[PDB]
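Shown next, in structure tokens, is the structure this report addresses.
No hydrogens, no waters, no symmetry mates; every other heavy atom, side chains included, goes into these values. For reference, positions follow the sequence shown, starting with 1.
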Amino acid sequence: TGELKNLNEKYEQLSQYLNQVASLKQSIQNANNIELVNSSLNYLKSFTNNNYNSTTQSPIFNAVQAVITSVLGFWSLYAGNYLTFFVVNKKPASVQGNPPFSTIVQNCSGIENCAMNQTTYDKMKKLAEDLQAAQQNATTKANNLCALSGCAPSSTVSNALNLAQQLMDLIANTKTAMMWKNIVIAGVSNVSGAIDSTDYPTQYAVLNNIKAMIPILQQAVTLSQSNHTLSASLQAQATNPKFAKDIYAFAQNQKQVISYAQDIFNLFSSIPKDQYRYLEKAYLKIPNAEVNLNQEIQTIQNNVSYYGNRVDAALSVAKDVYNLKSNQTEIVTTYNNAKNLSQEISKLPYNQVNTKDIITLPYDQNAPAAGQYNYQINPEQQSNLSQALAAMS
């Protein structure tokens, strides 16, 4: 029964053409569904505007907040109000927070160097002070980062990100190790899972991950800006190959903005738990004598699903619009293939299933009855065909 095998794969192929046609109809309908298309577009524009102009409701703004917070947090751990290294005037420097030299004896035994030039430290400190000011007005305690649209709050986010970039490169490049034992945080540095090691900052994942966040957000900030321009050349249709291309590009771009936010969330999520406990309470570091990173991360996660699931939906409609012309060609080819294949099947004496006119294009005297592409698949005959495929198992 070379008979049966031939039939079984012809059957499986017709069945596939029919599934294809059904799926193409839906795509074609969506693209011609003006209200759905406008809606998807308006969603994306809306999302672009919020992302670009808001300081509460922008996913990229909120991702920046969290990253800056986390940069200042690491700074506070590393240096802050009680240095985890020893600074020296090229002996011991007059700067605030410098620990006693016994620190070095006790915690920096072995081959690694825990000293730093005052030169190098003062630049670090300067950058950190700037980035602090850029995040917040010291007396008002109110936000000082501007919406991504600019400062029409006195700091651009690009500025803050550039500060952060400089500060972390400097920390990573400087061959001074940090003594984690110098960090004192009640309920953290004195319990199981406290961290008391001494190594270069680049050996701690928390540093590397925070560092990797910055270039990501710099890309996201640029992408976010150009999207606001693209958004101006697209309006809701009352009814263009130019539109089809643009909306699809526009939609993908919105997806990438969201994806960048998710990339940040992922870099927070993979910080080792023990290190994250210090970071999240860096503001409680005690010196030799309110920050809420968790809420800011939560806000990123929520933004990603809240906005991002909608941008996926719109993207999927924009894809249907982009593929309209091509989907029209493909549905026609596929119908014709299905029609010819059903005829070849009909002419087989051993053929058991009735397939005549299994797919058709309804017509009313001088025109298609309900659209050029609205093929009707007979459901009895399709059911039959499927049942025969399943029997052939």
Side-chain angles (χ1 to χ4, degrees), residues 47 50-51 54-78 80 131 135 145 148 157 160-161 163-165 167-169 171-172 178 180 183 185 187-189 191-195 197 199-224 253-285 290-312 315:
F47 170 81
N50 277 271
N51 188 53
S54 181
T55 64
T56 60
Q57 238 43 68
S58 167
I60 302 301
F61 187 86
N62 293 338
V64 165
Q65 250 298 289
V67 174
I68 294 316
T69 289
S70 84
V71 169
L72 294 170
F74 183 76
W75 171 256
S76 147
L77 294 177
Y78 174 74
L131 180 61
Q135 187 171 58
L145 301 165
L148 274 70
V157 303
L161 285 170
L163 292 173
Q165 174 89 97
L167 177 54
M168 302 288 298
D169 284 333
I171 285 167
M178 58 190 295
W180 280 75
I183 301 155
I185 301 179
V188 171
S189 57
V191 305
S192 309
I195 295 181
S197 61
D199 211 341
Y200 305 110
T202 40
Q203 297 296 289
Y204 300 95
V206 64
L207 170 104
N208 295 319
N209 283 22
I210 289 162
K211 197 164 175 281
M213 298 179 184
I214 295 175
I216 286 160
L217 281 185
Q218 283 172 322
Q219 275 144 25
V221 163
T222 299
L223 179 53
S224 291
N253 286 345
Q254 305 311 139
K255 194 187 177 26
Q256 179 60 79
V257 169
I258 290 295
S259 189
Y260 281 143
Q262 174 84 248
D263 290 328
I264 302 308
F265 182 80
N266 292 339
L267 286 168
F268 277 111
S269 179
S270 68
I271 296 163
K273 192 166 169 187
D274 68 336
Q275 295 171 26
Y276 181 82
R277 268 168 55 70
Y278 277 75
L279 181 70
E280 182 271 324
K281 294 214 197 293
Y283 75 106
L284 287 170
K285 190 177 148 173
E290 253 271 354
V291 166
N292 201 335
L293 181 54
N294 280 136
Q295 160 175 296
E296 294 168 18
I297 292 161
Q298 184 179 49
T299 296
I300 295 156
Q301 189 169 218
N302 295 336
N303 288 165
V304 166
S305 40
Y306 175 86
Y307 293 116
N309 290 318
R310 306 300 90 222
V311 338
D312 292 339
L315 173 63

Shortest non-hydrogen contact between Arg277 and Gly187, atoms and distance: NH2-O, 2.9 Å
So, taking the atom named NZ in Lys211 and the one named CG in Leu167, what distance separates them when rounded to the nearest 0.5 Å? 11.0 Å
Nearest 0.5 Å please: distance from the CG atom of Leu72 over to the CG atom of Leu279. 10.5 Å
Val157 vs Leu148, side chain to side chain contact (heavy atoms under 4.5 Å, CB included): CA-CA, chis, key distance, verdict: CA-CA 7 Å; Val157 303; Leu148 274 70; 4.2 Å; yes
Kindly give the heavy-atom pair with the smallest separation between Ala282 and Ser76, and that separation in Å. O-OG, 3.1 Å
Please examine the side chains of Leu315 and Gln254, heavy atoms only from C-beta on, and report whether any two atoms are closer than 4.5 Å. no
Is there a donor-acceptor pair closer than 3.5 Å between any side-chain N or O of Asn62 and the backbone N or O of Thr56? yes
To the closest 0.5 Å, what do you measure between OH (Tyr260) and CE (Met213)? 15.5 Å
Minimum side-chain heavy-atom gap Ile300-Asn303 below 4.5 Å: no
Going by the angle between their ring planes, with limits at 30° and 60°, are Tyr78 and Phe74 parallel, tilted or perpendicular? parallel
Test side chain to side chain contact (heavy atoms under 4.5 Å, CB included) on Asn209 and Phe268; report intermediate values, then the result. CA-CA 7 Å; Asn209 283 22; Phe268 277 111; over 6 Å; no
Do you know which two heavy atoms are closest between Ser224 and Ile60, and how far apart they sit? OG-CG1, 3.8 Å
Under a plain distance cut-off of 3.5 Å, with no hydrogens placed, do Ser58 and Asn51 share a side-chain donor-acceptor pair? yes
Starting from the C-alpha separation in whole Å, work towards a yes-or-no answer on side chain to side chain contact (heavy atoms under 4.5 Å, CB included) for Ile216 and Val67. CA-CA 11 Å; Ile216 286 160; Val67 174; over 6 Å; no
Going through the distances and angles, do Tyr276 and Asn294 end up as a side chain to side chain donor-acceptor pair (under 3.5 Å)? CA-CA 10 Å; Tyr276 181 82; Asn294 280 136; 2.7 Å; yes
Can you check side chain to side chain contact (heavy atoms under 4.5 Å, CB included) on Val257 and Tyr307, steps first, answer last? CA-CA 11 Å; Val257 169; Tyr307 293 116; over 6 Å; no
Please report the interatomic distance CE(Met168) to OG1(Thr202), rounded to the nearest 0.5 Å. 10.5 Å
For residues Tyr278 and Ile183, determine if any side-chain heavy atom of one lies less than 4.5 Å from a side-chain heavy atom of the other. yes
Closest approach of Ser189 to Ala194 (non-hydrogen atoms, all atoms of both residues): O-CB, 3.2 Å
Side chain proximity check, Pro59 to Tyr306, heavy atoms < 4.5 angstrom: no
In Å and rounded to the nearest 0.5 Å, what is the CD1 to CD distance from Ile185 to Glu280? 9.0 Å
For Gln275 and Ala205 the tightest heavy-atom approach is OE1-N, 3.5 Å
To the closest 0.5 Å, what do you measure between CD (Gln256) and CG (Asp263)? 7.0 Å
If only atom types and distance count, is the side chain of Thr69 paired as donor or acceptor with the main-chain N or O of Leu293 below 3.5 Å? no
Would you name the heavy atoms of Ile195 and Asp274 that are closest together and state the gap between them? CD1-OD2, 3.5 Å
Give the ring-plane orientation class for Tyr204 versus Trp180, where under 30° counts as parallel, over 60° as perpendicular and anything between as tilted. tilted
